[PDB]
Every structure is written in C-alpha cells, then in structure tokens.
C-alpha cells in the first residue's frame, strides 16, 4: 500500500492545461512530472496495471477548441507519456470507470453533440469497442465502479442538468435507472468508498454546490453527508486509504487550489493541501510514485 501518490492531470485556468503533478499524502510534497503531449481539460484519469491513463477532454486555447478522442498512458517508471488507441469519438466532460482491467469511457460532448454512447478499452489488445449506450445522454457525468457494476451519475443531457443516475450490468450489456439523487448535479465529483457511490459538489443549474450525497447500493437510497468547506463544480476526485480527496474546481468566483479530504468515520472534511495553482476540470487517479 505504501508509495502511492495522487496524480492530477490537465485542467483549466484561462485555457486548457498540460500539467501532470503528483501529491504525496504521507509528507505533503508535490512533484511536477512530464507534461501531457496535448493540453486538455474535461478529461478523466484512471489507473490500470500501474499505468496512468488520461482519457478524452478538450483543448481550449486562444487558437481553438478541439474535443479529444485521445487515450494516453503515463508510466511512472519512465516519466513518459505514450499514445494509446483513440476512442471512436471525441468526448469532452467525460466520465471513466475501470472494471476488471478494462476502461469504460462514458458520455461526454463533441461540439453540440451530447453522447449517450459508451465504449470499453482492452489494454492487452490496445483496442476500443462500443458497448450498450446509456438510457440518457450525459456530459459532465460522474462515473464510478462498485462491485464490478458501473454507475453514471448526473450530468447534462443538452437541455437539462440531471439528478438521474443509471447502472451498467456488464454481463447483460444493459443499463438500468437507479434511484435519482436528491440534487441536480452536473460536473460533480463521483467516486466509491466502502459500499457507497459518493457525489460531491457540481452545479445544479443555479449555483456551485458544497453538498455531498452517497448512494448505498444495497438500500438504493441517497443520503447527504457533511458538506465540503467549498462550493465546487468541475472538481477532481479520488479515493486513497479510505478517504475521499477533492481537488480544485470552480466556486463561482475563483478557480480553487484547495484540496479537501473526507473521513467517513468522523463524517468530516478537512483541508489538507493546495495545488500549485487553482484549476478546474482535472483528471485524477492514484498510482505508484515515479522514478
């Protein structure tokens, strides 16, 4: 379990960013690592087999806005990024989950298109294939995996921000609605901790949120837990050693540098560190420290 860092990739502040930075919860230190080949915001990060993957997003720059179909792989042993097979379609404001070594890319936008499509990456073959689409088009969707089931939570369908959520059952290649959240949330941080799917922050169509709710997959209920110190939309999120970490986002005024940590045993949030600069729309995941 030792030696793991929280990696943050990409993001947005005035334009899309290429930063790869890694935080060590054990000593508070931050490292700046190899830049992404292409700056991207609205991407997702995940880890398979010790490799960090950056999936999708958009490059916003003064010279254009290009939605990304890219899958890129970072190896901490070499501090190098390598291109992987690209997705069938660009996906900005994507959600990603991993089941049994396979990456699922969910939703996202391509220009004015709001995707319901979903595709699955096989690292051993370096191939993507489409799977069943969701029941709802969703961008800014939160995705997490619990007990080898894939959840897609909230988002924006092109007309309305959503409180709905749905679950993908891989052995039936089928999506089913689950109980909707109590709050409409687009751009929430969604993760899994113990037996619950957590949805932190987001935008409800009127304000950035500090509220946090969790779905118990056995009881099928959503329950609020302690709110974050900061309202945040387009935040990064991950779980590490039994605690949720939220990174950055937008509070309606500032692009935040704050990182908060949720302890489920005390039901409290604490501010633990600051990123090197405020930013939103980052991809976050946890893997071994680099060499």
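Residue numbers count along the first chain shown, from 1.
A summary of the deposited B-factors shows that, of 227-235 and 58-66, the stretch with the larger mean C-alpha value is 58-66. Comparing 120-128 with 87-95, the stretch with the higher mean C-alpha B-factor in the PDB entry is 120-128. Across 173, 179, 109, 82, the entry's maximum B-factor at the CA atom is seen for 82. Annotation for residue 45: C-alpha temperature factor in the middle third relative to the rest of the modelled chain, per the entry. Annotation for residue 194: CA B-factor lies in the highest third of the chain's modelled residues. Ranked by Cα temperature factor within the chain, residue 245 sits in the middle third according to the deposited record. Per the PDB record, residue ranking by Cα B-factor puts residue 30 in the highest third of the chain. Among the modelled residues of the chain, residue 270 sits in the highest third by CA temperature factor in this PDB entry.
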